[PDB]
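Notes to accompany the following structure.
Residue numbers (PDB author numbering): 1 to 125.
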């Protein structure tokens, strides 16, 4: 039963919108070994909030901010695992998924700059 301490994970791999999945994240893509070897079910928080703006077909404009990343694995349909962003409710100890980021008129911009620090959360913050 291996034990590890909580330590910050820095990401040196930039992430571009063209390489950004609709709602998934890939640790291999960012070259983050620690995230890949991180325990399944691990909850990570990004110190850099991601704002996702989208337009509803009704004509309403909705804006949302996300900073929670969770790795799901151990699923029959999931061969290994995948990361998906959402909102982590520390007070309710519940997690909520998030919408996909889509830029139609917005320009391409680096969404994950080098120097971003992620923290491993394995309990209540």
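Quick reminder that beta carbons are idealized off the backbone N, C-alpha and C, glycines included.
Going by DSSP, what residue range makes up the alpha helix (DSSP H) through residue 36? 33 to 36
Return the first residue and the last residue of the beta strand (DSSP E) that residue 50 is part of. 43 to 55
Just to confirm, is the Cβ distance from residue 65 to residue 121 under 8 Å? no
For the beta strand (DSSP E) that contains residue 9, what are its first and last residues? 8 to 11
Neighbourhood of residue 109 by C-beta, 8 Å cutoff - its chain only, sequence neighbours within 5 removed: 17
Sequence-distant residues of its chain with Cβ nearer than 6 Å to residue 9 (five each side left out): 34 and 118
Can you check the region 65 to 101 for any beta strand (DSSP E) of at least 3 residues that lies completely inside it and give the ranges in chain order? 81 to 89 and 94 to 97
Residue range of the unbroken beta strand (DSSP E) whose run includes residue 5: The continuous stretches of beta strand (DSSP E) do not include residue 5, and DSSP gives it neither H nor E.
Sequence-distant residues of its chain with Cβ nearer than 6 Å to residue 84 (five each side left out): 23 and 24
Given that a residue counts as buried once 16 or more other Cβ atoms are within 10 Å of its Cβ, and exposed if not, what is residue 71? buried
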